[PDB]
Amino acid sequence: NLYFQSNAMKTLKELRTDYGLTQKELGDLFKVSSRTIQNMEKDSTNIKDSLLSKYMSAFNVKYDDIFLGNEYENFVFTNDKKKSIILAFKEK
Amino acid sequence: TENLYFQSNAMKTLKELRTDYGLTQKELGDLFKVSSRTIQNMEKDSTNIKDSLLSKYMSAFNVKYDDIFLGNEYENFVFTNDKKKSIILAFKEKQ
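Chains as they are written, first to last, in our numbering: chain A, 3 to 94; chain B, 495 to 589.
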């Protein structure tokens, strides 16, 4: 279980969607193209700190709160997150 | 339980609660033993949600009654949209 094993709480995509910002709105907010946001949401493995820091700043989160990884890892992570909640709830 | 539920300084809507933990309407329905349709409707307009259903949200997302935004589809809109404008304004205002 990846979400439970992790200090991370959110993916890049989740930080964005939590406020229903479009990739385009977020690009304009962070001074990079949409395609940069697409790419970083697909695979965060090589994200530049200059960009990571804007995420931490805009969304008031710490480095540890953010999940970083490739498309596969993001999936296992979010997927695992959903099951956690379901399973915790069912434990009563 | 702190790296299980994400601590949130502000209120969240029912839709946001589901959405935050990446569940579909159908899954949440099953989890709370109500139709997908019941979830759809309460997400649009929560004015009349049953406290039995509300408690289930509280218990599954670990939020207090005062942490959940309840309201019609317009109040919802204003509320989520104000949060958006805020995130944006706060960020630009540091630069």
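Just so it is clear, CB atoms sit at the ideal spot from N, CA and C, and this is done for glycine as well.
Is the beta carbon of residue i less than 8 Å from the beta carbon of residue j?
i: residue 598 (chain B); j: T574 (chain B); result: There is no way to answer for residue 598 (chain B), as the model of chain B reaches only from 495 to 589.
i: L17 (chain A); j: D82 (chain A); result: no
i: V572 (chain B); j: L547 (chain B); result: no
i: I581 (chain B); j: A10 (chain A); result: no
i: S46 (chain A); j: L70 (chain A); result: yes
i: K64 (chain A); j: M58 (chain A); result: yes
How far does the alpha helix (DSSP H) with residue i in it extend, from its first residue to its last?
i: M11 (chain A); result: Looking at the DSSP string, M11 (chain A) is not in any alpha helix (DSSP H), and its letter there is neither H nor E.
i: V78 (chain A); result: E73 to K92
i: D30 (chain A); result: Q25 to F32
i: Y57 (chain A); result: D51 to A60
i: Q589 (chain B); result: Looking at the DSSP string, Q589 (chain B) is not in any alpha helix (DSSP H), and its letter there is neither H nor E.
i: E537 (chain B); result: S530 to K538
Tell me which residues share the same chain as residue i and place their Cβ nearer than 7 Å to its Cβ, disregarding the 5 neighbours each side in the sequence.
i: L28 (chain A); result: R18 and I39
i: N72 (chain A); result: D45 and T47
i: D67 (chain A); result: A10, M11 and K12
Residues in the same chain with beta-carbon distance under 8 Å from residue i, minus the five sequence neighbours each way, listed in chain order, please.
i: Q25 (chain A); result: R18, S36, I39, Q40 and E43
i: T495 (chain B); result: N556
If contacts are defined as beta-carbon pairs under 8 Å, then residue i and residue j qualify, I think. What distance do you get, rounded to the angstrom?
i: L31 (chain A); j: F500 (chain B); result: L31 (chain A) to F500 (chain B), Cβ: 22 Å. No contact.
i: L517 (chain B); j: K84 (chain A); result: 6 Å
Cutting at 6 Å between CB atoms, please list the residues of its own chain near residue i, excluding the five before and the five after it.
i: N556 (chain B); result: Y499
i: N76 (chain A); result: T13
i: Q589 (chain B); result: none
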